[PDB]
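*Asks:* What follows is a single structure, and I will ask about it in a moment.
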Amino acid sequence: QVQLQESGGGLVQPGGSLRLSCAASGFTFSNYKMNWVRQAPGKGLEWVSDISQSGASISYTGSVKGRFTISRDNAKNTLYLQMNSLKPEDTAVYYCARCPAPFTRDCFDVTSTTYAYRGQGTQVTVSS
Amino acid sequence: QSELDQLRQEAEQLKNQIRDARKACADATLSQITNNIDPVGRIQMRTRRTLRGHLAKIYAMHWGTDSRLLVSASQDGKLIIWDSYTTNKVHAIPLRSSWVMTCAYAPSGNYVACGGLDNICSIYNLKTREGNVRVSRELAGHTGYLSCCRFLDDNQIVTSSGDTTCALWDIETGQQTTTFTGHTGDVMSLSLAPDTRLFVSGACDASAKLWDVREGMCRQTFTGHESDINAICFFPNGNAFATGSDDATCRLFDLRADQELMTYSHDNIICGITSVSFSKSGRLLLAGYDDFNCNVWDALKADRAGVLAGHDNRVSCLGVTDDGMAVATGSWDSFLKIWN
Amino acid sequence: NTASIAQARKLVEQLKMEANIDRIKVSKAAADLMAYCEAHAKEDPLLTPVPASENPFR
Amino acid sequence: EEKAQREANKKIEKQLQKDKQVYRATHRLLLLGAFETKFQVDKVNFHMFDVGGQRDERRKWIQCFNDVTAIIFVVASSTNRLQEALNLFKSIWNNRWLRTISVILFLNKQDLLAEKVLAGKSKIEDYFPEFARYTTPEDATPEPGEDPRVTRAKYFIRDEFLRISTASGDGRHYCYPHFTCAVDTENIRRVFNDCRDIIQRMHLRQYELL
Amino acid sequence: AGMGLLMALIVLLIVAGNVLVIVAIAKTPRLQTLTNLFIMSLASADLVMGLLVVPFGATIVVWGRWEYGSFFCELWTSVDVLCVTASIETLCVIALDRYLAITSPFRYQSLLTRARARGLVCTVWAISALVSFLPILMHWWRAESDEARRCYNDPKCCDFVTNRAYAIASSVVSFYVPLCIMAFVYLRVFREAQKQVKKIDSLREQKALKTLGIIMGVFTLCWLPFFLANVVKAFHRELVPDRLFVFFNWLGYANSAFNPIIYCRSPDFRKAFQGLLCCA
Ligand SMILES: COC(=O)N[C@H](C(=O)N[C@@H](Cc1ccccc1)[C@@H](O)CN(Cc1ccc(-c2ccccn2)cc1)NC(=O)[C@@H](NC(=O)OC)C(C)(C)C)C(C)(C)C
Ligand SMILES: CNC[C@H](O)c1ccc(O)c(O)c1
């Protein structure tokens, strides 16, 4: 399969730090651009950030730039993206998702479910 | 809630059970079983005839039963039916919708099919008229683009759509008899087993499902591909099938072991796969790539049976005649090439 | 949430149906595949170059 | 016999000749962002198609759209639906089979945006960074309009779209942004002027001239 | 064998490149486009040049005199003028096609078709034949000078000495009108390409000074000296030496080989050229 199990999350007070780790299995990690997609309650899926195969081409959603950072460990087949100075507006179900085609600079990932190359995600709540 | 939680836990337990059951049935490997056989070596195939006359890129093709006539579908809005032996036109069908992603030739040689980014399967009859082409029936029950369609005998047609569901259609009644639900991504290619009883279907969820036409419920699911499956073809015996994918790989899946038997890939290939098809004896697996060519793979040794050059644009469709005399490939260069 | 749990239940039933299936040894399936390929190898007009007389495309 | 087959093939090719003429005459266009629409402007065929009848899965039916003259991308200038348009435009520009297609970008709902930006309802600066460090360009035509604050945000969205356009697509890509939301019937004219330049730039490159 | 190598080389390059262009377009259907049909006309004209006039002109130069007969001399001269004017007018037609494709894209797509391209090449060849074949067998070119009289009656004299009327009319209708047409259309195309400097990014700007100059540079540097001499000769014969007149004629023959090297630089051509030059 293409299972992508995500970890981390939970309840963290605003202004703290929290880390997500998503494990990859069934595909070559080095051949795929990976990106995180979040979904606040009620609201739809919003792209958070993406990272290229080599970890060079890195971009972020404007609302999260300067607070979150994304890094991948190709040897360990895991993708990490960090919380810094969380806000109550970032409570969502963060997902780790994979670009559909290998060795491609373009992705069509964010979809209202029905996207196989994405995990079940971890719920993150910032309420204190 | 926690209900979905333990349901997902049960699903994971069942997946682990399926995985360890598959592992327990892996006493040998195709590589060492085939190893003693004589290598096929280099096979040279040359363009016998180039079929020119289409306007836009050709997206799909299908041979007839008699290995004489093939139908070509292009995004220009045409369904030109060719005669391979004498490279002429038999019929030229103008499509109501300009975009067609699939075409089928009826085994009886009386009907033809098309469909695409219109969610309707148009059936054109080539016999009953005094000489003309008319839409006999239009099948509109799909919520997504049609990607592949195949006639069963003369009246039942199975269609794969982007609506994540396949369907069995009764042409005479114009009604969707049975639906095939259980996929996750858009279904691209379906292949009918010989002596039609059950068919496969590979979708964008990197999984190929084997469906029973009568029962309507998928029997086995084969999840071994890294990326979307763009093509799939049945091995002539009927107990195996090969699946193309965008992962630059073709994998042969057996029906009776629910496992991938051999991986057909090379480090010098990055592009995906567009169409795959077996030869008459199943020795050669022909695969059209996005590396502008159509590599020929030996189906048992997992070796390059021969590099097959050709079109200046990407190949999308690739088919072999029932008698296996020739192999016809169609590309985005609006050209069909016949090789032997 | 109801749609998600219903879909998960359907997936669980499908996986349970796929769990109880008779499986043949992979070696036996490989032997059958290679046996069919060898038996029908003579009739395949692509393994061996067809004589020009029998080939209709030349 | 063979005579009848030859005659039928000749007739089919004769029809295909006129079909080639009509197909080359007609220019196809994609409407993405918001099924068929044929319109006549200065006596040249044009064909618009909106494919909103399919699912959100877009990566594998858009592979079928590569012979069109341009992809007309309409966005709402007002979830963050803006970056969703940005990410979609990135996919169009960088796709292998869409690499030779220009985009006629339309920034629709400007009036809805203009009515929105007259007070701190949803500050773009707090929603998109590098806004407080961005000013209206000197080579701009603001024209008589609203408070010069809106045209700063008006040009910021266009600038951000263009940075994607100029980052790749050496010669097969060109973006044609426009500021239009109100029904005034010159929008289709703006497409004609855009499609003229697309084919003109295509021929200039094809003759190794540009 | 001084001229036996310097002139044998140009004819070989004339034939080697030109037939390689003709076989390339016909073999692969990708190059069988609308504009390349005119390229077929240019290549065919340069090929008949390099097979009928250039080899015989080489002999007429090295041996010092014609050695094939008066009828053969007249036919060779007719083929010379036919090929030259056909090549020049085909260059003019190509320039006009580029102009119509650039300054009127939709009209070009919906106007010029395969039937009209065939009509255009047929018309250009008919016009070249009428300008070349007709007023030669009718002896309109024969001058009434004492020096001209000796050459006509001699069977080993194949020197093109002509009256002023022909030396002016053929020169203008063969080179000057096509030259002016090509210059104007290419200047308009250059101005349109420069207008397409609106590319917003804030030899790209000089690219139009390489492609368009090279089309005019090859044409001007080689054929203008010949028809300048053919014009200065009609007014007064003694200024231009006979050696220079032959010298400039061979520059015009060079475009038969310089034309495949200029108009066949497209990547589609090179892909077909590499596969045609394999010779497995
Ligand atoms: C299938 O074969 C080809 O297309 N042959 C090509 C070819 O040989 N083209 C020539 C055309 C030519 C050569 C000599 C005289 C006239 C025309 C090019 O060699 C011309 N040019 C050399 C050249 C330079 C100046 C001039 C010149 C200048 C003033 C007046 C007249 N000519 C003529 C030739 N070359 C260049 O420097 C570049 N192209 C170019 O100049 O055209 C945009 C290249 C590099 C892309 C080939 C290449 C092998 C180079 C790809
Ligand atoms: C002797 N060679 C003839 C020369 O090539 C030539 C070409 C065109 C003309 O109009 C002409 O008067 C002479």
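Naming works like this for the structure tokens: A, B, ... for the chains as they're shown, residue 1 at the start of each chain, ligands 1 onward in shown order.
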Name each residue within 7 Å of ligand 2, counting only C-alpha atoms and all ligand atoms, as JSON, numbers by chain.
*Replies:* {"E": [77, 80, 81, 84, 85, 160, 167, 170, 171, 174, 249]}
*Asks:* Which residues sit within 12 Å of ligand 1, counting only C-alpha atoms and all ligand atoms, listed as a compact mmCIF listing (two decimals) with N, CA, C and O atoms, in the first residue's frame?
*Replies:*
```txt
# COMPACT_ATOMS: atom_id res chain seq x y z
N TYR D 207 9.99 30.25 -35.56
CA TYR D 207 10.92 30.66 -36.61
C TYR D 207 12.27 31.05 -36.03
O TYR D 207 13.09 31.65 -36.74
N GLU D 208 12.51 30.73 -34.76
CA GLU D 208 13.77 31.04 -34.08
C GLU D 208 14.08 32.53 -34.15
O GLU D 208 15.21 32.94 -34.43
N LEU D 209 13.07 33.34 -33.88
CA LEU D 209 13.17 34.79 -34.02
C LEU D 209 13.13 35.52 -32.69
O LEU D 209 13.95 36.41 -32.46
N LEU D 210 12.18 35.18 -31.82
CA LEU D 210 12.09 35.83 -30.52
C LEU D 210 13.12 35.25 -29.56
O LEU D 210 13.60 35.93 -28.65
N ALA E 16 24.61 17.53 -51.48
CA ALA E 16 24.57 16.75 -50.25
C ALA E 16 23.56 17.32 -49.27
O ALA E 16 22.75 16.58 -48.70
N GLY E 17 23.59 18.63 -49.06
CA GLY E 17 22.64 19.24 -48.15
C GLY E 17 21.22 19.23 -48.69
O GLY E 17 20.27 18.98 -47.95
N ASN E 18 21.07 19.50 -49.99
CA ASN E 18 19.74 19.76 -50.53
C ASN E 18 18.90 18.50 -50.60
O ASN E 18 17.73 18.50 -50.20
N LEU E 20 19.38 15.89 -48.87
CA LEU E 20 19.19 15.53 -47.47
C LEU E 20 18.00 16.28 -46.87
O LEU E 20 17.30 15.74 -46.01
N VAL E 21 17.77 17.52 -47.31
CA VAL E 21 16.59 18.25 -46.87
C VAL E 21 15.33 17.66 -47.49
O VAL E 21 14.31 17.47 -46.81
N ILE E 22 15.38 17.37 -48.80
CA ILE E 22 14.19 16.90 -49.50
C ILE E 22 13.75 15.54 -48.97
O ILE E 22 12.57 15.30 -48.70
N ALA E 24 14.42 14.33 -46.06
CA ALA E 24 14.01 14.46 -44.67
C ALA E 24 12.54 14.84 -44.55
O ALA E 24 11.80 14.23 -43.77
N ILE E 25 12.10 15.84 -45.31
CA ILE E 25 10.72 16.30 -45.18
C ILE E 25 9.75 15.21 -45.61
O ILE E 25 8.74 14.96 -44.93
N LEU E 203 20.97 37.67 -25.49
CA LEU E 203 20.64 38.14 -26.83
C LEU E 203 19.13 38.13 -27.05
O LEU E 203 18.67 38.08 -28.19
N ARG E 204 18.37 38.20 -25.96
CA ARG E 204 16.92 38.16 -26.03
C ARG E 204 16.38 39.31 -26.86
O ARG E 204 15.51 39.11 -27.72
N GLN E 206 18.32 41.06 -28.90
CA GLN E 206 19.11 41.09 -30.12
C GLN E 206 18.91 39.83 -30.95
O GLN E 206 19.56 39.67 -32.00
N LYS E 207 18.03 38.92 -30.52
CA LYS E 207 17.79 37.70 -31.28
C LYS E 207 17.23 38.01 -32.66
O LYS E 207 17.60 37.36 -33.65
N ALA E 208 16.34 39.00 -32.75
CA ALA E 208 15.78 39.39 -34.03
C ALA E 208 16.80 40.03 -34.96
O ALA E 208 16.52 40.16 -36.16
N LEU E 209 17.96 40.43 -34.45
CA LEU E 209 19.04 40.95 -35.27
C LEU E 209 19.99 39.87 -35.76
O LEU E 209 20.89 40.17 -36.55
N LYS E 210 19.80 38.62 -35.33
CA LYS E 210 20.59 37.50 -35.82
C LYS E 210 19.82 36.68 -36.85
O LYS E 210 20.33 36.41 -37.93
N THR E 211 18.58 36.28 -36.53
CA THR E 211 17.80 35.50 -37.48
C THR E 211 17.46 36.29 -38.74
O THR E 211 17.68 35.79 -39.84
N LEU E 212 16.96 37.52 -38.60
CA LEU E 212 16.52 38.28 -39.76
C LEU E 212 17.67 38.84 -40.57
O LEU E 212 17.57 38.93 -41.80
N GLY E 213 18.77 39.21 -39.92
CA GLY E 213 19.95 39.64 -40.66
C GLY E 213 20.56 38.51 -41.47
O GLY E 213 21.03 38.72 -42.58
N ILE E 214 20.56 37.30 -40.91
CA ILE E 214 21.19 36.17 -41.58
C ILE E 214 20.42 35.80 -42.85
O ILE E 214 21.02 35.43 -43.87
N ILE E 215 19.09 35.91 -42.82
CA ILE E 215 18.33 35.67 -44.05
C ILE E 215 18.68 36.71 -45.10
O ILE E 215 18.87 36.37 -46.28
N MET E 216 18.77 37.98 -44.72
CA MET E 216 19.16 39.02 -45.66
C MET E 216 20.66 39.02 -45.92
O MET E 216 21.08 39.35 -47.03
N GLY E 217 21.47 38.66 -44.92
CA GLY E 217 22.91 38.66 -45.12
C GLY E 217 23.37 37.66 -46.16
O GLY E 217 24.19 37.98 -47.02
N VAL E 218 22.86 36.43 -46.09
CA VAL E 218 23.18 35.42 -47.10
C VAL E 218 22.70 35.82 -48.48
O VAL E 218 23.44 35.65 -49.46
N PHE E 219 21.49 36.36 -48.59
CA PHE E 219 20.93 36.83 -49.84
C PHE E 219 21.63 38.07 -50.39
O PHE E 219 21.91 38.14 -51.59
N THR E 220 21.93 39.05 -49.53
CA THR E 220 22.53 40.29 -50.02
C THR E 220 24.00 40.10 -50.39
O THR E 220 24.45 40.58 -51.43
N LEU E 221 24.76 39.38 -49.56
CA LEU E 221 26.20 39.28 -49.79
C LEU E 221 26.51 38.47 -51.04
O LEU E 221 27.59 38.62 -51.63
N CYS E 222 25.58 37.61 -51.48
CA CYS E 222 25.87 36.68 -52.56
C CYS E 222 25.21 37.04 -53.88
O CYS E 222 25.86 36.99 -54.92
N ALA E 254 26.33 29.73 -54.50
CA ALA E 254 26.59 29.31 -53.13
C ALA E 254 25.33 29.25 -52.29
O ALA E 254 25.24 28.43 -51.37
N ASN E 255 24.34 30.10 -52.58
CA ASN E 255 23.09 30.08 -51.83
C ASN E 255 22.33 28.77 -52.00
O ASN E 255 21.49 28.45 -51.16
N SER E 256 22.61 28.02 -53.07
CA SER E 256 21.99 26.71 -53.22
C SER E 256 22.41 25.78 -52.08
O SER E 256 21.67 24.86 -51.72
N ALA E 257 23.59 26.01 -51.51
CA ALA E 257 24.03 25.26 -50.34
C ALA E 257 23.87 26.05 -49.05
O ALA E 257 23.71 25.44 -47.99
N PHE E 258 23.93 27.38 -49.12
CA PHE E 258 23.70 28.20 -47.94
C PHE E 258 22.24 28.23 -47.51
O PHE E 258 21.95 28.65 -46.39
N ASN E 259 21.32 27.81 -48.38
CA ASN E 259 19.89 27.84 -48.05
C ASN E 259 19.47 26.68 -47.15
O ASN E 259 18.73 26.91 -46.19
N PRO E 260 19.87 25.44 -47.42
CA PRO E 260 19.59 24.38 -46.44
C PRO E 260 20.25 24.62 -45.09
O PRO E 260 19.75 24.15 -44.07
N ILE E 261 21.37 25.35 -45.07
CA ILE E 261 22.08 25.58 -43.81
C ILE E 261 21.42 26.70 -43.01
O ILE E 261 21.68 26.85 -41.81
N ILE E 262 20.57 27.50 -43.66
CA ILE E 262 19.93 28.61 -42.96
C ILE E 262 18.47 28.31 -42.59
O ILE E 262 18.04 28.62 -41.47
N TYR E 263 17.71 27.70 -43.49
CA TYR E 263 16.28 27.49 -43.27
C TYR E 263 15.95 26.17 -42.59
O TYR E 263 14.78 25.93 -42.28
N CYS E 264 16.94 25.32 -42.34
CA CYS E 264 16.71 24.00 -41.76
C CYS E 264 17.42 23.86 -40.43
O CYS E 264 17.99 22.81 -40.11
N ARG E 265 17.39 24.92 -39.62
CA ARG E 265 17.98 24.91 -38.29
C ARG E 265 16.99 24.54 -37.20
O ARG E 265 17.35 24.55 -36.02
N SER E 266 15.75 24.23 -37.57
CA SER E 266 14.73 23.92 -36.58
C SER E 266 15.07 22.62 -35.85
O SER E 266 15.61 21.69 -36.44
N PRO E 267 14.77 22.55 -34.55
CA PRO E 267 15.02 21.30 -33.81
C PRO E 267 14.29 20.10 -34.39
O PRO E 267 14.79 18.97 -34.28
N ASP E 268 13.12 20.31 -34.99
CA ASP E 268 12.44 19.22 -35.67
C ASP E 268 13.24 18.72 -36.87
O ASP E 268 13.28 17.52 -37.15
N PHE E 269 13.89 19.64 -37.59
CA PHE E 269 14.76 19.25 -38.69
C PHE E 269 15.95 18.44 -38.19
O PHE E 269 16.27 17.38 -38.75
N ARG E 270 16.61 18.92 -37.14
CA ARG E 270 17.82 18.26 -36.65
C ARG E 270 17.52 16.87 -36.12
O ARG E 270 18.32 15.95 -36.29
N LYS E 271 16.36 16.69 -35.47
CA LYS E 271 15.97 15.37 -35.01
C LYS E 271 15.82 14.40 -36.17
O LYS E 271 16.24 13.25 -36.10
N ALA E 272 15.20 14.86 -37.27
CA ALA E 272 15.10 14.03 -38.46
C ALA E 272 16.43 13.91 -39.18
O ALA E 272 16.71 12.88 -39.80
N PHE E 273 17.26 14.95 -39.12
CA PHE E 273 18.54 14.92 -39.82
C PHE E 273 19.49 13.90 -39.20
O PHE E 273 20.18 13.17 -39.92
N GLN E 274 19.54 13.84 -37.87
CA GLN E 274 20.41 12.89 -37.20
C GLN E 274 20.00 11.45 -37.51
O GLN E 274 20.85 10.59 -37.74
N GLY E 275 18.69 11.18 -37.53
CA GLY E 275 18.21 9.86 -37.88
C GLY E 275 18.32 9.52 -39.35
O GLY E 275 18.20 8.34 -39.70
N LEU E 276 18.53 10.51 -40.20
CA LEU E 276 18.70 10.25 -41.63
C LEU E 276 20.17 10.07 -41.99
O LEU E 276 20.48 9.42 -43.00
N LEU E 277 21.07 10.63 -41.19
CA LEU E 277 22.51 10.56 -41.45
C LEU E 277 23.17 9.41 -40.70
O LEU E 277 24.41 9.31 -40.68
```
*Asks:* Can you pull out the residues contacting residue 5 in chain C? Cut-off 9 Å, using only C-alpha atoms, and skip same-chain residues under 4 positions away; I want them as a ChimeraX atom specification.
*Replies:* /B:3-4,7 /C:1,9-10
*Asks:* Take the residues that were just selected and, keeping C-alpha atoms, output them as a tab-separated table (two decimals), in the first residue's frame.
*Replies:*
```
chain	number	residue	atom	x	y	z
B	3	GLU	CA	-16.22	4.42	16.75
B	4	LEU	CA	-14.36	5.30	13.56
B	7	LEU	CA	-13.16	0.54	12.99
C	1	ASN	CA	-18.96	11.85	10.20
C	9	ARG	CA	-17.56	-0.06	7.72
C	10	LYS	CA	-17.90	-0.90	4.02
```
*Asks:* Please tabulate, as CSV, the residues of chain C that come within 7 Å of chain B, each with its closest pair of atoms and the distance in Å to one decimal, counting only C-alpha atoms and ordering rows by chain, then residue number upward.
*Replies:*
```
residue,atom,partner,partner_atom,distance
C:5,CA,B:4,CA,5.5
C:8,CA,B:7,CA,6.7
C:9,CA,B:7,CA,6.9
C:12,CA,B:11,CA,5.4
C:15,CA,B:14,CA,6.4
C:16,CA,B:14,CA,6.8
C:18,CA,B:220,CA,5.8
C:19,CA,B:18,CA,5.9
C:23,CA,B:257,CA,5.2
C:24,CA,B:257,CA,5.4
C:25,CA,B:25,CA,5.3
C:26,CA,B:26,CA,5.6
C:27,CA,B:28,CA,5.2
C:30,CA,B:30,CA,6.0
C:37,CA,B:281,CA,5.3
C:40,CA,B:281,CA,5.2
C:41,CA,B:281,CA,5.3
C:44,CA,B:280,CA,5.1
C:45,CA,B:325,CA,5.2
C:46,CA,B:325,CA,6.8
C:56,CA,B:85,CA,6.5
C:57,CA,B:85,CA,5.8
C:58,CA,B:48,CA,6.6
```
*Asks:* Using backbone DSSP assignments, extract all strand (DSSP E or B) residues from range 70-311 of chain B; output them as a ChimeraX atom specification.
*Replies:* /B:70-74,78,81-83,88-91,94,104-105,111-113,121-125,134-139,146-151,156-161,166-170,175-180,187-192,198-203,208-212,218-222,231-234,240-244,250-254,260-264,273-278,284-289,296-298,304-306
*Asks:* So that I can check the surroundings of residue 267 in chain B, please list as an MDAnalysis selection string every protein, DNA and RNA residue that reaches within 12 Å of it, counting only C-alpha atoms and ignoring chain neighbours fewer than 4 positions away.
*Replies:* chainID B and resid 247:249 271
*Asks:* With a cut-off of 8 Å, could you pull out the residues of chain D touching chain E and give me the nearest pair of atoms for each, distance in Å to one decimal, using only C-alpha atoms, ordered by chain and ascending number, as a Markdown table?
*Replies:*
```
| residue | atom | partner | partner_atom | distance |
| --- | --- | --- | --- | --- |
| D:21 | CA | E:110 | CA | 7.1 |
| D:24 | CA | E:109 | CA | 6.4 |
| D:25 | CA | E:110 | CA | 4.9 |
| D:44 | CA | E:106 | CA | 6.8 |
| D:166 | CA | E:201 | CA | 6.7 |
| D:196 | CA | E:105 | CA | 6.9 |
| D:199 | CA | E:105 | CA | 6.5 |
| D:200 | CA | E:102 | CA | 5.6 |
| D:201 | CA | E:196 | CA | 7.8 |
| D:203 | CA | E:102 | CA | 6.5 |
| D:204 | CA | E:102 | CA | 7.2 |
| D:206 | CA | E:266 | CA | 7.9 |
| D:207 | CA | E:266 | CA | 7.7 |
| D:208 | CA | E:211 | CA | 6.9 |
| D:209 | CA | E:208 | CA | 5.3 |
| D:210 | CA | E:207 | CA | 6.0 |
```
*Asks:* Which residues, written as a list in words, have at least one atom at most 12 Å from residue 183 in chain D, with only C-alpha atoms counted and residues fewer than 3 positions away on the same chain left out?
*Replies:*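 The contact residues come out as residues 108, 109, 110, 111, 180, 186, 187 and 188 of chain D.
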*Asks:* Point out the residue among B:188, B:252, B:106, B:270 with the least atom-to-atom distance to residue 231 in chain B, counting only C-alpha atoms.
*Replies:*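 For residue 231 in chain B, the nearest of the given residues is B:188.
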*Asks:* Which residues are close to residue 117 in chain E, i.e. within 9 Å by only C-alpha atoms, leaving aside same-chain residues fewer than 4 positions away? Reply as a PyMOL selection string.
*Replies:* chain E and resi 34-35+37-38+112-113+121-122
*Asks:* Using backbone DSSP assignments, extract all helix (DSSP H, G or I) residues from range 47-124 of chain A; output them as a PyMOL selection string.
*Replies:* chain A and resi 62-64+88-90
*Asks:* Would you save the residues of that selection, restricted to N, CA and C atoms, as a compact mmCIF listing (two decimals), in the first residue's frame?
*Replies:*
```txt
# COMPACT_ATOMS: atom_id res chain seq x y z
N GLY A 62 0.96 31.60 3.47
CA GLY A 62 1.28 32.90 4.04
C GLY A 62 0.94 33.01 5.51
N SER A 63 -0.22 32.47 5.91
CA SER A 63 -0.65 32.57 7.29
C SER A 63 0.25 31.81 8.26
N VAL A 64 1.08 30.89 7.77
CA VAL A 64 1.96 30.11 8.63
C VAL A 64 3.43 30.39 8.39
N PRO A 88 -4.98 30.28 18.19
CA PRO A 88 -6.24 29.52 18.21
C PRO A 88 -6.82 29.26 16.83
N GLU A 89 -6.40 30.00 15.81
CA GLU A 89 -6.93 29.82 14.47
C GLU A 89 -6.30 28.64 13.73
N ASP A 90 -5.25 28.03 14.27
CA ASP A 90 -4.57 26.92 13.60
C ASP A 90 -5.05 25.55 14.07
```
*Asks:* For a quick test of understanding: name the residues of chain D lying within 10 Å of chain B when counting only C-alpha atoms, and present them as number ranges by chain.
*Replies:* D: 2, 5-13, 15-17, 19-20, 23-24, 35-36, 51, 53-55, 57-62, 64-67, 97
*Asks:* By how many Å are CA of residue 235 in chain E and CA of residue 140 in chain E apart?
*Replies:*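 Computed distance, CA of residue 235 in chain E to CA of residue 140 in chain E, equals 17.5 Å.
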*Asks:* With a cut-off of 6 Å and counting only C-alpha atoms, select all residues of chain A in contact with chain B and give the selection as a PDB file with N, CA and C atoms, in the first residue's frame.
*Replies:*
```pdb
ATOM      1  N   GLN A   1       0.825  -1.200   0.000  1.00  0.00           N
ATOM      2  CA  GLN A   1       0.000   0.000   0.000  1.00  0.00           C
ATOM      3  C   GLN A   1       0.864   1.257   0.000  1.00  0.00           C
ATOM      4  N   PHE A  27       6.458   3.402  -0.858  1.00  0.00           N
ATOM      5  CA  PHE A  27       6.967   4.149  -1.997  1.00  0.00           C
ATOM      6  C   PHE A  27       8.351   4.685  -1.671  1.00  0.00           C
ATOM      7  N   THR A 114     -11.155  11.458  -0.997  1.00  0.00           N
ATOM      8  CA  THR A 114     -10.974  10.710  -2.245  1.00  0.00           C
ATOM      9  C   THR A 114      -9.562  10.876  -2.806  1.00  0.00           C
ATOM     10  N   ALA A 116      -5.959   9.168  -2.252  1.00  0.00           N
ATOM     11  CA  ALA A 116      -5.347   8.020  -1.591  1.00  0.00           C
ATOM     12  C   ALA A 116      -4.000   8.362  -0.970  1.00  0.00           C
TER      13      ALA A 116
END
```
*Asks:* Quick one: residues within 9 Å of range 28-31 of chain A, only C-alpha atoms counted, chain neighbours fewer than 6 positions away excluded, as a list in words?
*Replies:*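 In the requested form, the answer reads residues 53, 54, 74, 75, 77, 78, 101, 102, 103 and 104 of chain A; 226 of chain B.
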*Asks:* What separation in Å, quoted to one decimal, exists between CA of residue 96 in chain D and CA of residue 106 in chain A?
*Replies:* 8.6 Å
*Asks:* Report as a VMD selection string the set of chain B residues whose atoms approach chain E to within 9 Å, with distances computed over only C-alpha atoms.
*Replies:* chain B and resid 52 312 333
